[PDB]
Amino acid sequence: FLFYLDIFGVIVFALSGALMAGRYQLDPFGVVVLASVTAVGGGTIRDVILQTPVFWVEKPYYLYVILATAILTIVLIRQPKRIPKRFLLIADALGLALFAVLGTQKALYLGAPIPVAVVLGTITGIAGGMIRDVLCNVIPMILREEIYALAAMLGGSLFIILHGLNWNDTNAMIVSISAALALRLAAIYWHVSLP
């Protein structure tokens, strides 16, 4: 289960970085770099702060997952410059809800306290997109009007509450990922903003 959620979150963040590079008409190598930065960005910061081995260093198959996602994005998509902005936000939304819960879960079971685990979950979910946006000189997600970081904090905090209610990790994460994803997708499809 966890094995499949990590790969899916990595493919998803690599897809958002690969699409972002397609807007700039970059060559395939620039696409792989921008896709790799978004895929591992939040995870590397999370593992380093936790003093634990980095996930793609400990398991090199993540790198082949990123390269495969970037290469498929290059060949399967004709004109990436005219790609709609909704597909980029939906991509960043999936990895945001996933890694916000997985990051909190991984930190909690590594000994991190409750508030530290939630913070490390939000870092895993938003840091990869923040580095991607500053490299392309684009306004980061947290500075836009739509709800963003609230969805990340919601996923990690809901996992802690369900974990405290003695739910198993599988049911606690599924509800936490769905609640974080529903709030972010609603803020994208309906442009919901907070004052």
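Don't overthink the numbering: it's just position in the shown sequence, from 1.
Stretch with the higher entry mean CA B-factor, where the candidates are 66 to 74 and 40 to 48: Stretch with the higher mean C-alpha B-factor: 66 to 74.
Test of understanding: from the entry's C-alpha B-factors, which stretch has the higher mean, 109 to 117 or 83 to 91? Of 83 to 91 and 109 to 117, the stretch with the higher C-alpha B-factor average is 83 to 91.
Residue 55 - Cα temperature factor, lowest/middle/highest third of chain: Lowest third - that is where residue 55 ends up once the chain's C-alpha B-factors are sorted.
Relative C-alpha B-factor of residue 9, binned into the chain's lowest, middle or highest third: Within its chain, residue 9 is a lowest-third residue by C-alpha B-factor, going by the deposited values.
Please say which third, lowest, middle or highest, residue 165 falls into when its CA temperature factor is compared across its chain. Tercile = highest for this residue's CA B-factor.
Going by what the PDB entry lists, where does residue 131 fall on CA B-factor within its chain: lowest, middle or highest third? Lowest third - that is where residue 131 ends up once the chain's C-alpha B-factors are sorted.
Cα B factor band for residue 150 (lowest, middle or highest third within the chain): As the PDB entry reports it, the C-alpha B-factor of residue 150 lands in the middle third of its chain.
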